[PDB]
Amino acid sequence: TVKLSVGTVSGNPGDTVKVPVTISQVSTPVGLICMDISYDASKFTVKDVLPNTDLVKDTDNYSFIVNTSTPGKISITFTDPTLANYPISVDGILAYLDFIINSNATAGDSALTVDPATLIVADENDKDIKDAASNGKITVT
């Protein structure tokens, strides 16, 4: 079962922190990933969402789409524009999430939650691959 996991990080108020999103147990080449990661917008501002180009290929043909227009939600979509030549076929880091911690943020854990209802993983023909998700968190220190 393919697993999409958000990592963990700690940071002081005002610091910029980086959180990896990993895919594991990959076998069938993956042609499509749709995942939504929710965060506490009162504590964190998304600085950027960058793909790991060692694993996510053809980013120059717009294979990696990010949407951060909705407060507290990051939407990430990977699609192989060729349907054959640039699949995700090995485990590794999919992307890095950079957050800026509000200077007035309270100490403690804040969850990074993956929406299981909208999580999609499929092969190059858009056929579903059995998948699961694992949440992460940010710990303000």
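A residue's number is simply how far along the shown sequence it sits, counting from 1.
Mean C-alpha B-factor comparison - 45 to 53 and 103 to 111, higher one: So the stretch with the higher mean C-alpha B-factor is 103 to 111.
54 to 62 versus 85 to 93 - greater average Cα B-factor per the deposited record: That would be 54 to 62.
CA B-factor ranking of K127, expressed as a third of its chain: As the PDB entry reports it, the C-alpha B-factor of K127 lands in the middle third of its chain.
Assigned third (lowest, middle, highest) for the C-alpha B factor of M35: Within its chain, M35 is a middle-third residue by C-alpha B-factor, going by the deposited values.
Third of the chain, ranked by Cα B-factor, where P20 sits: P20: CA B-factor falls in the lowest third of its chain.
CA B-factor placement of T79, once the chain's modelled residues are sorted into thirds: For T79, whose C-alpha B-factor we compare with every modelled residue in the chain, the answer is the middle third.
Chain thirds of CA B-factor: placement of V121: Within its chain, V121 is a lowest-third residue by C-alpha B-factor, going by the deposited values.
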